[PDB]
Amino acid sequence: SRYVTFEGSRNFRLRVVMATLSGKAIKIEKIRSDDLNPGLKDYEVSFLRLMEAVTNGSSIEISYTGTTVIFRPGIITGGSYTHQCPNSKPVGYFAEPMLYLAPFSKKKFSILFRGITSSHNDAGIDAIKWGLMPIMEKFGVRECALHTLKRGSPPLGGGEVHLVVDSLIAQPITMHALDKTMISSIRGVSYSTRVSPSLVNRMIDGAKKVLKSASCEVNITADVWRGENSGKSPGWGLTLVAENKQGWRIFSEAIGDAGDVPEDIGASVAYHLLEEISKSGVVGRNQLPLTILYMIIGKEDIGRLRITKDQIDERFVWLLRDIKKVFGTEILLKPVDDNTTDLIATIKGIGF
């Protein structure tokens, strides 16, 4: 019973994913044991269920009170499978960490996700489609898509999305990127469900108003969903994706609740995009966990990725901590030769 021991609900999915990638068994204890109703939440249990489905030989054990979990990783198998998500977490919650496994399995990942497709705290479908997967492609994952069959806005939901990754590779290519990602165009997806195309347009208006000074192209795809294919509830949101011709992407997202002013929601996403670009190196904060991990599991060899001082936040520290425990690998930061305070994250692969 050799375990790497973690504490709390923090990075629960990330830690479970790392356990699977490294083959190290882990033990997560004292989960929310200092809160009203400690233990795992229904969506984390659902998550563990998803894991068992896409792997083989995995043995999971949970205490009676659910405050601790013991995860012994199996082999990343994949295949076809449908997963029904509880109303507590949207599809992105389950789909995002599947990105970390799919390309490294024995069979294509063809996973159908049913449930809500949107929230305020999880990765939206567009963000995964146009914000995360492009980064996977830069690491050698050629074919990987997320098909939106049905959008399912909260609270009723009824959405349905299909994760299929045709490209199976041994490991991510070693990454060498020392330059700050230069944005040459801003794209995106403004969507709504079971409502008038008014909301979508007013969001684009609000977004374009703060982005007016842009000397680059700025066009946003409008994506109005009506009828039964749009889900059970009304809803709307905006995903802005800044990009260059090298395949890099910086993004931000937000959804609107009934009563929110679309122009303000639209403007808000554009402000966060500009913030995220301002603070970014090669990638934005919302992409580091994926990028860093793909580097760590690359062939035994040194990779390099420019980051910003602002990107070394609480979240980032914890990311490296957990990585230290599970893989052993520690990250070295090197001040860039230019006249800024940016660093070059130097990361040696493990030999996946």
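Residues carry their position along the shown sequence, with the first being 1.
Relative to its counterpart among 107 to 115 and 128 to 136, 107 to 115 has the higher mean temperature factor, C-alpha atoms as listed in the PDB entry.
A summary of the deposited B-factors shows that, of 278 to 286 and 231 to 239, the stretch with the larger mean C-alpha value is 231 to 239. Across the options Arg72, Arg249, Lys180, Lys89, the residue with the most elevated CA B-factor in the record is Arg72. Compared with the other modelled residues of the chain, the Cα B-factor recorded for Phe94 ranks in the lowest third. Split the chain's modelled residues into thirds by C-alpha temperature factor. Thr329 is in the highest one. In the deposited entry, the Cα temperature factor of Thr68 sits in the middle third of values across the chain's modelled residues.
Per-chain ranking of the deposited C-alpha B factor places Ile347 in the middle third. Among all modelled residues in this chain, the alpha-carbon of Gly152 has a temperature factor (C-alpha) in the middle third.
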